[PDB]
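S.K.: This is the structure I want to talk about, given as structure tokens.
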Amino acid sequence: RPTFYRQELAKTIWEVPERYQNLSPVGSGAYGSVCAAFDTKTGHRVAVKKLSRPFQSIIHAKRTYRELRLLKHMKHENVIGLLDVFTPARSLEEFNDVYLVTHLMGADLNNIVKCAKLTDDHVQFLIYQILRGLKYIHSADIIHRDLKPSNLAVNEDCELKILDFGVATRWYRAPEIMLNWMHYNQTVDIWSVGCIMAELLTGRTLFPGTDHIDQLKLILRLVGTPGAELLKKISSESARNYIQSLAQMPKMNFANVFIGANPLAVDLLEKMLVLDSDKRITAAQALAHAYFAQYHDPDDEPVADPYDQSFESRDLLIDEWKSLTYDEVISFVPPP
Ligand SMILES: COc1c(NC(=O)c2ccc(C)c(-n3cc(C(=O)NCc4ccccc4)nn3)c2)cc(C(C)(C)C)cc1NS(C)(=O)=O
């Protein structure tokens, strides 16, 4: 067991292995209880996250376990990975805190775009990586659900990583989620990618809504009123009428919005920003799209190992979730 040392950052007490030095708060709370630190074992800067109140409730307990399990499984170039996980507790009895360690990301997508308009090559590479990482997460039967510029990190060589901190999320949210259609599929993430890719090509938020309703009306105005085909798949009658009553604004054509952009990029955009999620292109298919020809490689776009998510359909007591979490902490083996 490493030797720990404690300190108070802001108003919280951090107790971490000596290995991690010079802890410094970051994200102004945007990442949560996160600190940047120097991993003395490798000389590399890392992000140390102290889970809030891990076991204060059953909901917290399960989310704690969920994140620990997910991070331990995520082994992909375009997805955040778990470098270390620890607790100052010496036993299950005193186990009350969990810290997750990951590489420290450099800058999000906003910081990179806030400069000058990225070239088409730049856009291809970035979107390609998001799509590459998405293929991997989706292959593990996992849905991000909150993709956005602030959740996407890019390094020196423009390498990108998908993260989550648990730009308004709504601007990139698929319409079916904001309509509470309950039956969301993975492509809800593809809608977000389209909104992100659009913003990188125009420098402006595609659907900058004030509230969800306004946001919804903006979306329908661009992707159009729901067609007969989509309407017949909506069981709720009030839902069916509502979605139509929200598409009363004067229509807008797609092409106009992306004028000047590479025709291939607009083609992909039209296949990502489709109202009917069933007809929305998947991450896997997007990767083969001609817009990513200079980057696509069927041999270097890996999927995830089978991921056991049986715990999601479980309803257990806090202590049970805590014990399960503790087990995952002790069984953690760092990657080479
Ligand atoms: C919230 O839980 C997660 C996570 N956890 C994380 O992404 C995570 C874990 C630990 C740490 C220390 C961090 N982390 C790294 C940084 C960082 O480098 N910030 C600086 C910086 C940052 C950006 C730009 C510039 C500078 N901050 N926090 C992230 C991931 C995921 C996916 C992406 C795999 C689907 C889902 C959930 N959802 S769930 C399990 O259902 O709960």
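Chain labels run A, B, ... following the order of the structure tokens; each chain numbers its residues from 1, and ligands are numbered from 1 in the order shown.
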With only C-alpha atoms and all ligand atoms counted, collect every polymer residue having an atom within 8 Å of ligand 1; state the result as number ranges by chain.

M.R.: A: 26-27, 31-32, 34-36, 46-50, 63-71, 74, 79-82, 99-109, 137, 142-144, 150-154, 162-166

S.K.: What's around region 259-264 of chain A at 9 Å? Count only C-alpha atoms, leave out sequence neighbours fewer than 4 positions away in its own chain, and write the answer as a list in words.

M.R.: residues 120, 201, 202, 254, 255, 268, 269, 289, 290 and 291 of chain A

S.K.: Next, write the just-selected residues to a file, as a compact mmCIF listing (two decimals), in the first residue's frame, keeping N, CA, C and O atoms as the atom set.

M.R.:
# COMPACT_ATOMS: atom_id res chain seq x y z
N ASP A 120 -10.65 21.85 -44.15
CA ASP A 120 -11.48 20.68 -44.38
C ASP A 120 -10.71 19.45 -43.93
O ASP A 120 -11.29 18.51 -43.38
N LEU A 201 -17.44 23.44 -39.34
CA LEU A 201 -17.39 23.91 -40.72
C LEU A 201 -17.93 25.33 -40.88
O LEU A 201 -17.51 26.06 -41.78
N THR A 202 -18.85 25.74 -40.01
CA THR A 202 -19.45 27.07 -40.11
C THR A 202 -19.00 28.04 -39.02
O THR A 202 -19.27 29.24 -39.10
N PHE A 254 -31.01 22.55 -46.19
CA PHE A 254 -29.71 22.16 -45.69
C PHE A 254 -28.56 22.81 -46.44
O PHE A 254 -27.72 23.48 -45.84
N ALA A 255 -28.52 22.58 -47.74
CA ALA A 255 -27.47 23.11 -48.60
C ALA A 255 -27.09 24.56 -48.29
O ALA A 255 -25.91 24.89 -48.19
N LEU A 268 -22.43 13.74 -45.86
CA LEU A 268 -22.37 13.01 -44.59
C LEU A 268 -23.30 13.67 -43.58
O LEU A 268 -24.05 12.99 -42.88
N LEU A 269 -23.25 15.00 -43.51
CA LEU A 269 -24.11 15.75 -42.61
C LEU A 269 -25.58 15.41 -42.80
O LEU A 269 -26.33 15.32 -41.83
N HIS A 289 -17.57 6.27 -45.21
CA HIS A 289 -17.99 7.36 -46.09
C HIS A 289 -16.77 8.00 -46.80
O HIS A 289 -15.71 8.16 -46.19
N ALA A 290 -16.93 8.36 -48.07
CA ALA A 290 -15.85 8.94 -48.87
C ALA A 290 -15.22 10.21 -48.31
O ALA A 290 -14.12 10.58 -48.72
N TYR A 291 -15.91 10.88 -47.39
CA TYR A 291 -15.36 12.09 -46.81
C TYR A 291 -14.13 11.75 -45.97
O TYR A 291 -13.26 12.59 -45.78

S.K.: Neighbours of residue 11 (chain A) within 12 Å (only C-alpha atoms; same-chain residues fewer than 3 positions away dropped), as a PyMOL selection string?

M.R.: chain A and resi 7-8+14+25+33

S.K.: What does the file look like for those residues with C-alpha atoms, as an mmCIF file, in the first residue's frame?

M.R.:
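Contents of part.cif, as written:
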data_model
loop_
_atom_site.group_PDB
_atom_site.id
_atom_site.type_symbol
_atom_site.label_atom_id
_atom_site.label_comp_id
_atom_site.auth_asym_id
_atom_site.auth_seq_id
_atom_site.Cartn_x
_atom_site.Cartn_y
_atom_site.Cartn_z
ATOM 1 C CA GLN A 7 -4.339 18.245 1.779
ATOM 2 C CA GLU A 8 -7.330 20.519 1.330
ATOM 3 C CA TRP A 14 -7.630 15.022 -0.910
ATOM 4 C CA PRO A 25 -7.753 22.120 -9.240
ATOM 5 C CA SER A 33 -13.987 17.363 -8.326
#

S.K.: Which of these, A:298, A:250, A:88, A:203, has the shortest distance to residue 123 (chain A) once you count only C-alpha atoms?

M.R.: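 That would be A:203, the residue with the smallest distance to residue 123 (chain A).
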
S.K.: Could you pull out the strand (DSSP E) residues of region 146-230 of chain A from DSSP and send them as a PyMOL selection string?

M.R.: chain A and resi 152-154+160-162

S.K.: Which one of A:191, A:321, A:136, A:4 sits closest to residue 300 (chain A) if you count only C-alpha atoms?

M.R.: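 Going through A:191, A:321, A:136, A:4 one by one, the smallest distance to residue 300 (chain A) is for A:136.
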
S.K.: One number please: CA of residue 221 (chain A) to CA of residue 138 (chain A), in Å, one decimal.

M.R.: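 Separation of CA of residue 221 (chain A) and CA of residue 138 (chain A): 29.2 Å.
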
S.K.: Please return, as a PyMOL selection string, all residues of region 185-269 of chain A that DSSP assigns to helix (DSSP H, G or I) on the basis of the backbone.

M.R.: chain A and resi 188-202+212-223+228-231+237-245+254-257+263-269

S.K.: Neighbours of residue 251 (chain A) within 8 Å (only C-alpha atoms; same-chain residues fewer than 4 positions away dropped), as a VMD selection string?

M.R.: chain A and resid 220 to 222 224

S.K.: Write out the residues from the selection above, keeping C-alpha atoms, as an mmCIF file, in the first residue's frame.

M.R.:
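out04.cif, written as the output of this step:
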data_model
loop_
_atom_site.group_PDB
_atom_site.id
_atom_site.type_symbol
_atom_site.label_atom_id
_atom_site.label_comp_id
_atom_site.auth_asym_id
_atom_site.auth_seq_id
_atom_site.Cartn_x
_atom_site.Cartn_y
_atom_site.Cartn_z
ATOM 1 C CA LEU A 220 -37.570 20.756 -37.410
ATOM 2 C CA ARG A 221 -37.166 23.920 -39.464
ATOM 3 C CA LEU A 222 -33.964 22.474 -40.920
ATOM 4 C CA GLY A 224 -38.122 19.116 -41.923
#

S.K.: So, with only C-alpha atoms as the atoms that count, which of A:124, A:12, A:225, A:205 lies closest to residue 257 (chain A)?

M.R.: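 Ranked by minimum distance to residue 257 (chain A), first place goes to A:205.
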
S.K.: Kindly indicate which residue among A:241, A:284, A:317, A:157 lies nearest to residue 112 (chain A), using only C-alpha atoms for the distances.

M.R.: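 Of A:241, A:284, A:317, A:157, the one nearest residue 112 (chain A), counting only C-alpha atoms, is A:157.
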